[PDB]
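Have a look at the structure below before the remarks.
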Amino acid sequence: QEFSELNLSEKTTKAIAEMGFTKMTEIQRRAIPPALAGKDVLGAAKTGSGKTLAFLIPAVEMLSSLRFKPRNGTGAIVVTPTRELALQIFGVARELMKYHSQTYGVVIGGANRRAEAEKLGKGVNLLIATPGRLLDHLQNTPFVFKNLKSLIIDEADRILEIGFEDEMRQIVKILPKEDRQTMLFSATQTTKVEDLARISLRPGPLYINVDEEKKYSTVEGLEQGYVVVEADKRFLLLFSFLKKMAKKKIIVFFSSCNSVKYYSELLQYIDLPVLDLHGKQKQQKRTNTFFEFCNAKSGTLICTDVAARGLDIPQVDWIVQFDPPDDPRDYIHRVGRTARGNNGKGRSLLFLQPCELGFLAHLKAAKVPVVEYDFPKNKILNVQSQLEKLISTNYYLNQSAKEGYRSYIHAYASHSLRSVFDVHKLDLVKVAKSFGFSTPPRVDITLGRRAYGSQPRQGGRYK
Amino acid sequence: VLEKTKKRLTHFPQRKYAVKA
Amino acid sequence: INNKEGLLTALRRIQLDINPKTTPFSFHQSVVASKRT
Amino acid sequence: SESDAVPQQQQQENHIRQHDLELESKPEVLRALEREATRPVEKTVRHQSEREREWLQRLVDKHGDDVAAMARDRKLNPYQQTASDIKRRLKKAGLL
Amino acid sequence: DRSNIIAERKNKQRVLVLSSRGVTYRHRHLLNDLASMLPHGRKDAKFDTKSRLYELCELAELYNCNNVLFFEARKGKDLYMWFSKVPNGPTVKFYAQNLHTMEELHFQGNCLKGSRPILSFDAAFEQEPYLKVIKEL
Amino acid sequence: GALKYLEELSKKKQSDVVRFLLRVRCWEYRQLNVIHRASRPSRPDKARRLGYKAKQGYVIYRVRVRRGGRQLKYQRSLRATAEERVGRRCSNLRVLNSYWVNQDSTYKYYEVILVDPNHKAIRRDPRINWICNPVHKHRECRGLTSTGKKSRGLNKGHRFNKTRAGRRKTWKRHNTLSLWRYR
Amino acid sequence: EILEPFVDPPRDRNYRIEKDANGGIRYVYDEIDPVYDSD
Amino acid sequence: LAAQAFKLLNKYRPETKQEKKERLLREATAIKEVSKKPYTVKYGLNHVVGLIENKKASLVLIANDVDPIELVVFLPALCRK
Amino acid sequence: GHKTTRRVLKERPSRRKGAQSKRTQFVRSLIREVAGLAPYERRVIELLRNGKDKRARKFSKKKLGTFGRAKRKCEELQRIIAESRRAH
RNA sequence: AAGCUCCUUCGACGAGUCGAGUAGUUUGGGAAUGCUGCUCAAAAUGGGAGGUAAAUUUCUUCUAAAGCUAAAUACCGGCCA
RNA sequence: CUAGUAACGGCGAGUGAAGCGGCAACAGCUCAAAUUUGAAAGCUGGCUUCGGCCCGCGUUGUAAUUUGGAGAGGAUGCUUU
């Protein structure tokens with residue numbers, strides 16, 4: 001029924017009460033009470049049905065009941081395909097363990113290897129990890145995981161689609177299996193999905209379907225917009241768009257919560273009143289922001305694309321995809337139709353760099369109409385000089401710019417469709433110009449003959 | 001004495017203690 | 001461990017054709033004695 | 001009851017106090033030394049400097065209690081400090 | 001013709017004798033005694049034990065030698081032998097002990113260096129195969 | 001961070017720019033005196049990591065030493081001879097350290113760092129004022145420098161059993177017959 | 001050509017591989033001809 | 001080119017010890033009884049090489065007569081890189 | 001021998017006490033280009049460009065004295081040949 | 001000014017020195033036991049010393065070429081007892 | 001104490017350690033490798049009404065911060081002069 005009906009710890013229930021959730025959703029009711037019992041769960045929900053709270057509550061309660069301390073090491077590992085949902089579960093896990101003494105951490109690709117190694121040896125108890133970096137840490141770094149009692153694999157169908165078949169099959173063979181609860185979630189059920197279940201789950205699972213089988217993936221009733229914009233005037237076109245299309249409803253999709261945070265602070269200094277929605281905020285502030293936006297006449301909202309997948313988009317005049325979308329299939333179909341928005345005339349556009357026009361070929365393959373907008377060069381508001389004076393002088397904006405720039409490049413590297421979103425076709429000097437930098441800050445863009453006389457290994461404890 | 005050495009003596013000097021039987 | 005068939009198998013690949021049928025004694029000059037010693 | 005086999009759980013009672021130690025028929029010298037240890041001490045509270053109070057009072061006189069705007073201000077907060085640092089200095093000076 | 005064999009059918013063989021990084025003068029003298037007898041061999045010294053075993057192969061491929069006799073020393077006290085056909089052929093390992101070298105003045109025999117030996121084998125070198133493989137080596 | 005680039009340059013001292021500079025400098029030093037004063041070190045990265053500072057009291061002295069055998073071999077190194085000749089020349093200073101600077105077919109050239117123990121810039125600095133103590137008089141004669149510690153074998157391990165606590169002190173201890181009272 | 005509408009389009013040997021005596025994988029290599037080279 | 005270089009650089013000369021002390025006495029006096037970042041000419045080999053390596057410099061001038069020349073040999077090529 | 005509950009140790013900060021930083025490798029690649037090559041390295045570079053790789057490994061071995069150093073020197077000089085050819 | 005904590009940020013460590021050959025010296029000590037001279041002359045998932053037949057050099061433990069520092073030890077000399 | 005053991009020996013003369021263990025005494029640190037760069041902040045001398053003025057050293061680097069079982073920088077909150 002509700003969260004109070006479950007007999008949870010008063011430390012946990014106070015955290016849920018401050019978050020605002022009083023009514024449990026469909027997956028939360030049908031998965032948590034068998035998960036607290038100890039039975040393994042196989043879920044088939046889409047993101048935004050509340051599944052992030054559905055596995056964190058048993059993991060938090062397990063850690064609180066067993067009285068976990070930092071010296072014990074990891075108790076629960078949550079596997080997440082890309083770093084953006086890893087940082088989304090991190091904010092939810094931060095709100096859950098506000099009262100507890102157990103520790104919580106994030107391992108992600110495109111992050112510092114050595115800082116994560118110091119974090120892991122110091123002792124995290126709940127760890128949200130991308131599969132590639134988790135296998136690197138499990139194989140090389142010294143940290144305690146002998147007391148692992150819970151394993152969660154979130155959005156499995158994306159994990160195999162991204163290309164972690166070999167890695168995830170090695171992950172379940174190095175983690176301990178006895179006295180462990182394994183919960184698996186995936187929106188679609190493909191052939192590779194059940195082979196992950198037979199190697200990770202126990203012989204008796206519990207099968208839960210709260211899926212939306214009425215997928216209204218429109219094929220023809222859509223019209224996509226796009227604007228070809230150079231890499232060094234992407235923000236200036238966003239600013240000129242938002243300034244002139246004020247007194248209207250605007251929703252902007254970024255790729256990273258750090259870039260949402262930086263653009264929120266910059267637009268307040270640049271004097272444009274814009275609403276924001278990122279993971280460094282309270283969960284209560286998150287809901288009061290969107291309720292204010294859904295009832296407002298005009299306004300403009302910044303959120304990441306993974307935030308909108310869990311959220312109910314209201315009637316809006318524009319949907320603008322500034323950063324590249326996380327999965328292009330879900331953008332064109334779902335977000336194109338929600339931009340159309342039942343009755344009112346709502347138009348969707350996407351920012352494209354000149355090196356990104358193979359998206360047009362992919363759009364032409366699926367046969368979906370396009371219109372490109374002209375945007376004359378006079379109407380660009382050149383506030384580049386004001387922006388660079390702010391970044392070079394304000395210290396807090398410099399940190400936010402550096403983190404937003406790196407998270408933008410790091411999300412670009414870990415993109416699924418690498419044919420059109422390639423980081424080696426990105427001029428990094430120009431993309432740091434848009435963020436407000438004259439010198440692009442350093443980021444690692446990457447994050448025949450065998451031996452003569454040699455034979456394959458047959459023995460020896462080579463570690 | 002050096003400034004680093006004086007800083008450590010200011011904030012962590014030798015204490016005065018005893019051990020009971 | 002003494003794999004027998006694989007041991008003679010490796011002997012074939014480095015076996016010289018030492019035989020008084022064609023090869024004289026000056027080639028090898030290897031003598032195997034009858035006494036076990 | 002030890003679920004995780006911890007050899008330190010039985011000997012229990014990541015930041016600790018760094019300067020002191022929070023501690024819990026006999027000879028007269030030992031009883032005399034215990035009165036020296038447990039004797040109440042002097043607080044010796046540090047005070048804010050006069051120019052520091054003027055810097056903080058100027059911030060209240062403009063922004064009131066909004067700590068976010070005070071950190072975001074540049075003329076009256078030249079050495080750019082976070083709102084968390086300014087709030088502690090305000091609470092010490094009695095200006096909320 | 002480059003293999004410097006003047007014969008009806010050329011027996012193209014080369015050896016490369018080698019030493020570990022911790023051999024003794026008794027093990028060092030067995031290099032000097034064996035290589036003096038052995039006319040188609042090259043002397044090399046101080047192979048790194050931190051390297052791998054198959055880096056003795058391209059060491060010999062560098063010097064065009066299809067045989068290798070490695071003196072490996074452990075603890076600075078023990079000699080271990082290795083006879084091997086370098087490209088892909090079989091190898092052997094021995095423990096060598098009871099060393100007595102030519103420099104010791106008690107043998108009273110001498111011969112030409114580089115003169116051809118007769119190989120005096122044993123009867124068990126023929127009947128039992130584990131002796132037969134080292135026999136050809 | 002210019003000194004990281006100099007450290008890699010001294011590594012490659014057979015190379016074109018370093019062979020050229022060592023040739024034109026060795027020619028210059030041959031016309032100079034046997035022991036002479038250098039205003040600045042020729043390898044400022046090496047001097048600084050050996051202890052040189054640009055303070056009043058630090059001097060640099062360049063010395064050429066004959067090379068070859070003494071087959072008698074001199075157990076005193078050429079570097080130790082370089083230190084001992086300069087300390088005789090500057091009887092008022094203290095030899096701190098020395099380093100290789102050049103070489104020729106007949107001579108080897110060393111630069112030595114010296115510290116004035118009477119200069120009160122030196123006397124007031126806790127990082128260097130240990131040398132003002134009289135137990136550090138003529139460290140190059142007692143083998144107390146880096147060359148001396150190498151040739152005395154003052155290293156830890158079973159390889160240096162006879163020399164790690166003083167070679168003559170070890171011999172006197174092992175050759176002493178110790179008789180107690182209750183035997 | 002783009003077969004699927006938003007999926008990424010899919011994309012020196014100095015040995016011969018035999019089987020060895022115990023049963024496994026054996027690499028046979030090019031033999032070396034024992035001559036003295038010019039140096 | 002040298003003369004036109006020093007026309008700009010002389011406008012950015014660092015303050016001397018006499019006029020730095022005067023400014024400190026000016027600001028201390030006003031406290032008894034508001035500025036931006038100072039733009040000067042950057043000097044010091046260890047400082048300038050770091051400014052080169054962080055791409056914080058715009059123009060570099062190198063003396064041609066540094067008598068250990070190893071202090072400046074890498075410096076044209078490092079600026080080129 | 002005796003069974004004890006072995007712990008997992010914190011990473012010792014003295015691991016790889018030499019170089020693995022990207023800054024030092026930048027300096028070494030810069031200094032090698034600005035300083036030139038040693039006389040023996042010019043011999044090996046000539047032989048490696050002419051395909052005499054067999055002679056080049058031997059020549060570096062007599063100069064350096066160890067087979068392991070001869071492999072690393074011939075590997076480093078081979079990379080120089082590769083990146084000089086691309087720039088040409 | 002200082003200590004701790006945390007981390008979507010970084011983390012630079014000593015070269016004519018190791019080492020290879022050779023001669024002298026020295027040691028219980030031809031991994032030269034160590035040192036010195038001569039010729040050549042390094043590395044960066046590096047280097048040193050060990051452990052191991054265990055099947056390949058698996059593993060173990062430290063970071064050299066810069067420096068300081070009381071006490072326990074010696075004492076046919078100095079001021080005395 | 002190991003111990004006249006290991007080791008080396010015209011294997012004759014002989015030479016001859018060390019680790020472990022019980023004690024005595026106990027104490028840990030300084031640099032070079034970094035850009036203070038929003039301010040050479042450092043230091044020797046001289047004149048001095050002793051209070052603070054000049055010259056010089058020094059950017060080819062003098063202070064502060066750091067020294068690899070570390071550290072830096074942010075952030076956060078307690079604790080120290």
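Residue numbering restarts at 1 in every chain; chains get A, B, ... in the order shown in the structure tokens, and ligands count up from 1 in that same order.
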Set the distance at 9 Å and use only C-alpha atoms (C1' of nucleotides): which residues neighbour residue 34 (chain I) once local chain neighbours fewer than 6 positions away are removed? I'd like the list as a PDB file with N, CA and C atoms, in the first residue's frame.
ATOM      1  N   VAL F  17      73.791  18.004 -28.707  1.00  0.00           N
ATOM      2  CA  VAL F  17      73.950  19.294 -28.047  1.00  0.00           C
ATOM      3  C   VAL F  17      74.793  19.157 -26.785  1.00  0.00           C
TER       4      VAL F  17
ATOM      5  N   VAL H  73      67.592  25.831 -24.159  1.00  0.00           N
ATOM      6  CA  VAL H  73      67.658  25.132 -25.444  1.00  0.00           C
ATOM      7  C   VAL H  73      66.299  24.553 -25.817  1.00  0.00           C
ATOM      8  N   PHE H  74      65.608  23.958 -24.849  1.00  0.00           N
ATOM      9  CA  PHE H  74      64.313  23.342 -25.073  1.00  0.00           C
ATOM     10  C   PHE H  74      63.206  24.364 -25.230  1.00  0.00           C
ATOM     11  N   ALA H  77      61.512  25.111 -28.692  1.00  0.00           N
ATOM     12  CA  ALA H  77      60.761  23.956 -29.159  1.00  0.00           C
ATOM     13  C   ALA H  77      59.567  23.660 -28.269  1.00  0.00           C
TER      14      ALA H  77
END
### Task
Please determine the contact residues of chain J with respect to chain A at a cut-off of 9 Å, counting only C-alpha atoms (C1' of nucleotides), and supply them as a ChimeraX atom specification.
/J:7-9,55-56,58-59
### Task
Fewer than 6 positions away in the same chain doesn't count, so skip those; otherwise give me all residues within 12 Å of residue 3 (chain K), counting only C-alpha atoms (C1' of nucleotides), as an MDAnalysis selection string.
chainID K and resid 16:18
### Query
DSSP on the backbone: what in chain F comes out helix (DSSP H, G or I), as a PyMOL selection string?
chain F and resi 2-11+16-31+44-49+78-89+120-123+129-132+134-136+146-151+158-160+167-174
Just to be explicit: take each residue in the selection above, keep C-alpha atoms, and write the result as a PDB file, in the first residue's frame.
ATOM      1  CA  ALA F   2      62.822  24.059 -16.265  1.00  0.00           C
ATOM      2  CA  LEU F   3      64.900  21.722 -14.107  1.00  0.00           C
ATOM      3  CA  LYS F   4      62.992  18.624 -15.193  1.00  0.00           C
ATOM      4  CA  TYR F   5      64.102  19.345 -18.751  1.00  0.00           C
ATOM      5  CA  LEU F   6      67.700  19.689 -17.576  1.00  0.00           C
ATOM      6  CA  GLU F   7      67.591  16.345 -15.750  1.00  0.00           C
ATOM      7  CA  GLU F   8      66.657  14.537 -18.947  1.00  0.00           C
ATOM      8  CA  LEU F   9      69.400  16.399 -20.825  1.00  0.00           C
ATOM      9  CA  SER F  10      72.163  15.218 -18.494  1.00  0.00           C
ATOM     10  CA  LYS F  11      70.903  11.677 -19.039  1.00  0.00           C
ATOM     11  CA  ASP F  16      74.586  16.219 -30.184  1.00  0.00           C
ATOM     12  CA  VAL F  17      73.950  19.294 -28.047  1.00  0.00           C
ATOM     13  CA  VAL F  18      75.531  17.860 -24.910  1.00  0.00           C
ATOM     14  CA  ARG F  19      78.632  16.479 -26.625  1.00  0.00           C
ATOM     15  CA  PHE F  20      79.068  19.877 -28.259  1.00  0.00           C
ATOM     16  CA  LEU F  21      78.717  21.751 -24.981  1.00  0.00           C
ATOM     17  CA  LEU F  22      80.999  19.369 -23.116  1.00  0.00           C
ATOM     18  CA  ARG F  23      83.620  19.725 -25.850  1.00  0.00           C
ATOM     19  CA  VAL F  24      83.653  23.525 -25.935  1.00  0.00           C
ATOM     20  CA  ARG F  25      83.662  23.741 -22.144  1.00  0.00           C
ATOM     21  CA  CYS F  26      86.436  21.186 -21.613  1.00  0.00           C
ATOM     22  CA  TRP F  27      88.565  23.208 -24.023  1.00  0.00           C
ATOM     23  CA  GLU F  28      87.893  26.355 -21.996  1.00  0.00           C
ATOM     24  CA  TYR F  29      88.672  24.696 -18.670  1.00  0.00           C
ATOM     25  CA  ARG F  30      92.084  23.484 -19.848  1.00  0.00           C
ATOM     26  CA  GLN F  31      93.389  27.029 -20.276  1.00  0.00           C
ATOM     27  CA  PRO F  44      72.408  24.123 -12.027  1.00  0.00           C
ATOM     28  CA  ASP F  45      69.925  21.263 -11.725  1.00  0.00           C
ATOM     29  CA  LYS F  46      72.570  18.910 -10.342  1.00  0.00           C
ATOM     30  CA  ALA F  47      74.016  21.435  -7.907  1.00  0.00           C
ATOM     31  CA  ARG F  48      70.592  22.329  -6.519  1.00  0.00           C
ATOM     32  CA  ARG F  49      69.572  18.726  -5.904  1.00  0.00           C
ATOM     33  CA  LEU F  78      89.078  10.861  -8.232  1.00  0.00           C
ATOM     34  CA  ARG F  79      86.051  12.630  -6.765  1.00  0.00           C
ATOM     35  CA  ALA F  80      87.503  12.373  -3.260  1.00  0.00           C
ATOM     36  CA  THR F  81      90.776  13.813  -4.543  1.00  0.00           C
ATOM     37  CA  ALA F  82      88.798  16.667  -6.093  1.00  0.00           C
ATOM     38  CA  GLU F  83      87.223  17.409  -2.712  1.00  0.00           C
ATOM     39  CA  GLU F  84      90.492  17.244  -0.784  1.00  0.00           C
ATOM     40  CA  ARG F  85      92.372  19.677  -3.020  1.00  0.00           C
ATOM     41  CA  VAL F  86      89.651  22.332  -2.849  1.00  0.00           C
ATOM     42  CA  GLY F  87      89.298  22.064   0.926  1.00  0.00           C
ATOM     43  CA  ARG F  88      93.031  22.632   1.218  1.00  0.00           C
ATOM     44  CA  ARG F  89      92.630  25.686  -1.030  1.00  0.00           C
ATOM     45  CA  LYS F 120      75.705  34.665   9.275  1.00  0.00           C
ATOM     46  CA  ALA F 121      73.255  34.131   6.451  1.00  0.00           C
ATOM     47  CA  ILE F 122      74.398  30.521   6.775  1.00  0.00           C
ATOM     48  CA  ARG F 123      74.458  30.622  10.595  1.00  0.00           C
ATOM     49  CA  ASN F 129      73.515  25.587  10.224  1.00  0.00           C
ATOM     50  CA  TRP F 130      74.400  22.015  11.213  1.00  0.00           C
ATOM     51  CA  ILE F 131      77.581  22.558   9.202  1.00  0.00           C
ATOM     52  CA  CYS F 132      78.649  25.368  11.542  1.00  0.00           C
ATOM     53  CA  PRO F 134      82.928  21.715  14.573  1.00  0.00           C
ATOM     54  CA  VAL F 135      82.217  18.001  14.059  1.00  0.00           C
ATOM     55  CA  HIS F 136      81.888  18.897  10.360  1.00  0.00           C
ATOM     56  CA  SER F 146      78.917  11.159  -0.724  1.00  0.00           C
ATOM     57  CA  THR F 147      82.089   9.893  -2.386  1.00  0.00           C
ATOM     58  CA  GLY F 148      83.459   8.903   1.007  1.00  0.00           C
ATOM     59  CA  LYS F 149      80.353   7.000   2.065  1.00  0.00           C
ATOM     60  CA  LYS F 150      80.408   5.020  -1.186  1.00  0.00           C
ATOM     61  CA  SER F 151      84.067   4.053  -0.820  1.00  0.00           C
ATOM     62  CA  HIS F 158      74.510  -8.693   4.237  1.00  0.00           C
ATOM     63  CA  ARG F 159      76.849  -7.604   1.449  1.00  0.00           C
ATOM     64  CA  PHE F 160      78.314  -4.810   3.598  1.00  0.00           C
ATOM     65  CA  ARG F 167      85.517  -1.280   8.956  1.00  0.00           C
ATOM     66  CA  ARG F 168      88.235  -0.756  11.557  1.00  0.00           C
ATOM     67  CA  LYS F 169      85.684  -0.636  14.373  1.00  0.00           C
ATOM     68  CA  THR F 170      84.340  -3.989  13.195  1.00  0.00           C
ATOM     69  CA  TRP F 171      87.830  -5.499  13.117  1.00  0.00           C
ATOM     70  CA  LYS F 172      88.712  -4.231  16.593  1.00  0.00           C
ATOM     71  CA  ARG F 173      85.469  -5.617  18.007  1.00  0.00           C
ATOM     72  CA  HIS F 174      85.880  -9.064  16.467  1.00  0.00           C
TER      73      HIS F 174
END
### Query
Do you have the CA of residue 19 (chain D)-CA of residue 103 (chain A) distance handy?
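CA of residue 103 (chain A) lies 25.7 Å from CA of residue 19 (chain D).
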### Query
Using only C-alpha atoms (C1' of nucleotides), which residues sit within 10 Å of residue 58 (chain I) once same-chain residues fewer than 2 positions away are excluded, as number ranges by chain?
E: 59, 62-63; G: 39; I: 44, 53-56, 60-63, 67, 70-71
Please, which residues in chain D fall within 12 Å of chain H when counting only C-alpha atoms, and what is the closest atom pair and distance in Å to one decimal for each, ordered by chain then residue number, as a tab-separated table?
residue	atom	partner	partner_atom	distance
D:50	CA	H:31	CA	11.5
D:51	CA	H:31	CA	9.1
D:54	CA	H:31	CA	11.6
D:74	CA	H:34	CA	9.9
D:75	CA	H:34	CA	7.3
D:76	CA	H:34	CA	9.5
D:77	CA	H:34	CA	10.9
D:78	CA	H:34	CA	8.6
D:79	CA	H:34	CA	11.8
### Task
Tell me, as a PyMOL selection string, which residues lie within 7 Å of region 9-25 of chain C, counting only C-alpha atoms (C1' of nucleotides); anything in the same chain fewer than 4 positions away does not count.
(chain C and resi 5+29) or (chain E and resi 90+133)
Just-selected residues, N, CA and C atoms written as an mmCIF file, in the first residue's frame:
data_model
loop_
_atom_site.group_PDB
_atom_site.id
_atom_site.type_symbol
_atom_site.label_atom_id
_atom_site.label_comp_id
_atom_site.auth_asym_id
_atom_site.auth_seq_id
_atom_site.Cartn_x
_atom_site.Cartn_y
_atom_site.Cartn_z
ATOM 1 N N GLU C 5 53.693 -42.043 -25.937
ATOM 2 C CA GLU C 5 53.486 -41.835 -27.365
ATOM 3 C C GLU C 5 53.863 -40.425 -27.790
ATOM 4 N N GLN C 29 79.354 -40.516 -35.796
ATOM 5 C CA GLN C 29 80.321 -41.054 -34.836
ATOM 6 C C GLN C 29 79.715 -41.210 -33.441
ATOM 7 N N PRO E 90 61.889 -29.990 -28.851
ATOM 8 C CA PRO E 90 61.771 -30.307 -27.428
ATOM 9 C C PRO E 90 62.940 -29.767 -26.631
ATOM 10 N N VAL E 133 65.194 -39.334 -26.073
ATOM 11 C CA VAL E 133 64.990 -37.958 -26.514
ATOM 12 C C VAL E 133 66.195 -37.106 -26.162
#
### Query
By how many Å are CA of residue 371 (chain A) and CA of residue 427 (chain A) apart?
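Going from CA of residue 371 (chain A) over to CA of residue 427 (chain A) covers 26.2 Å.
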### Task
Identify every residue of chain H that has at least one atom within 12 Å of any atom of chain A, counting only C-alpha atoms, and report the result as a VMD selection string.
chain H and resid 36 to 37 53 to 58
Resulting file, chosen residues, N, CA and C atoms, as a JSON list (two decimals), in the first residue's frame:
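Resulting contents of part_38.json:
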[["chain", "number", "residue", "atom", "x", "y", "z"],
["H", 36, "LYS", "N", 41.29, 45.49, -9.40],
["H", 36, "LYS", "CA", 41.27, 44.30, -10.23],
["H", 36, "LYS", "C", 42.63, 43.62, -10.20],
["H", 37, "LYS", "N", 42.76, 42.57, -10.99],
["H", 37, "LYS", "CA", 43.98, 41.78, -11.01],
["H", 37, "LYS", "C", 45.10, 42.58, -11.66],
["H", 53, "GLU", "N", 53.63, 25.62, -20.11],
["H", 53, "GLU", "CA", 53.09, 24.26, -20.09],
["H", 53, "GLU", "C", 51.60, 24.24, -19.80],
["H", 54, "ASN", "N", 51.08, 25.29, -19.18],
["H", 54, "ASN", "CA", 49.65, 25.39, -18.95],
["H", 54, "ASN", "C", 48.96, 26.26, -19.98],
["H", 55, "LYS", "N", 49.68, 26.65, -21.03],
["H", 55, "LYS", "CA", 49.18, 27.50, -22.11],
["H", 55, "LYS", "C", 48.63, 28.82, -21.60],
["H", 56, "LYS", "N", 49.23, 29.35, -20.54],
["H", 56, "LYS", "CA", 48.79, 30.62, -19.97],
["H", 56, "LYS", "C", 49.53, 31.82, -20.53],
["H", 57, "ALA", "N", 50.53, 31.60, -21.38],
["H", 57, "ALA", "CA", 51.31, 32.69, -21.95],
["H", 57, "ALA", "C", 50.86, 32.97, -23.37],
["H", 58, "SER", "N", 51.03, 34.21, -23.80],
["H", 58, "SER", "CA", 50.66, 34.62, -25.14],
["H", 58, "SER", "C", 51.85, 34.95, -26.01]]
